[PDB]
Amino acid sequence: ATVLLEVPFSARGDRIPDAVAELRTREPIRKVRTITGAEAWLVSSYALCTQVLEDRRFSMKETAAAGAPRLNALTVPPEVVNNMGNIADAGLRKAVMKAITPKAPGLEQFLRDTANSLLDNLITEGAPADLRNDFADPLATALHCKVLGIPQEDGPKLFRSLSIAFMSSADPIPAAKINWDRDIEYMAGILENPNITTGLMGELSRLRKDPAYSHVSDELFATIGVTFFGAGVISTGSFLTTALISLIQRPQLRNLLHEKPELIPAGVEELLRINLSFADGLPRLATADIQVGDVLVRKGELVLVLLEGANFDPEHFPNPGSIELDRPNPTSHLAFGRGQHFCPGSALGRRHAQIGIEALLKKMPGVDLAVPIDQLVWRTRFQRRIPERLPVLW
């Protein structure tokens, strides 16, 4: 007797299990058990992943409903699962999205400056260097303090909530509420701080006192700061970290991008395509009976959209495991999702990785792992796949 297939399959972010392709071929929508003991449908082909993400009857917000089958426990209040919906309903979507583009004057130069300073300090200290804790994540943290308009020196404390805030846990996490409430109070103080006049929090602070927003809640304004800092920092820091591994593992590509850095954007788009940073499928709750491939998904059932299922699908991306800079469909991957909940920070995420990689290849053209790849320690029961340390030499 075998048990129902359990998800996630592997916390390793350096390789895709051979099992994903066998699943995609034989049963591209398959029943699985999550860590909570709930049943769910795991979707693993490009065609069916797109279908789910583009049909809003597969709901994000309803995943938070009491009594629903769960992928994992909430780490925030349930109303925050509908964060972007709440932002749109408050009339704030255009302003938020404008504040988190990489286009603000001086932003990209700040990113470059920060990356080079981080790398210079690593070089002064001498190999080995930890590219996650001492490059990718500080670069993400500094970027998001700038984007939000908050002091750089506040970044590290906000950052240290994230190893718990983005856990993928069977059960509620008492520390998540402690940190969440503290971080909300911090962001509420930011909104009252007259020195905070730039970035996203500077803009929200003005809109908060504009008569057209007088009935928007102070809680929502604070929540935008906490959620956009955490989602942004965890997503960019984790993506850049595992993209660096994929690059380091490909010396020919490393050398090509070093020699022809105008190809870095195409390279980053392929690194996004092959990225395993998301540790779980994206969850949706069916709000109707909906046919997905050979399965009639029933109202109230949990669906998990496996991003690397779509992104390594050979029917859509031939030779899917190979980084190819001349694909005809290069941004058609699902690294940023698709549909109603397509990532609002996609352009910022791209530029964070492009600038970080550009700076690394210039400063560290000989970069290589300083330990055998199997010695990386992959974080478990987390919403991202990331190595606890990334030791390199150059």
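One-based numbering along the sequence shown.
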Item to complete: Would you determine, from the values in the PDB entry, which of 10-18 and 374-382 has the greater average C-alpha temperature factor?
Response: 10-18
Worksheet entry | Which of 160-168 and 288-296 has higher mean CA B factor, as the PDB entry lists it | 288-296
Practice prompt. Name the residue from 91, 281, 225, 174 with the greatest C-alpha temperature factor listed in the entry.
Written response: 91
Worksheet item: From 364, 68, 335, 353, can you pick the one with the highest C-alpha B factor in the entry?
Response: 364
Worksheet, complete the sentence: Entry-reported C-alpha B-factor of residue 37 relative to its chain, by third, is lowest
Discussion item. Based on the deposited C-alpha B factors for this chain, I'd like to know if residue 360 is in the lowest, middle or highest third.
Written reply: highest
Worksheet item: For residue 192, does the deposited CA B-factor place it in the lowest, middle or highest third of the chain?
Response: highest
Item to complete: Could you look up the Cα B-factor of residue 390 in the entry and say which third of the chain it sits in: lowest, middle or highest?
Response: lowest
Worksheet entry | B-factor third for the C-alpha atom of residue 245 within its chain | lowest
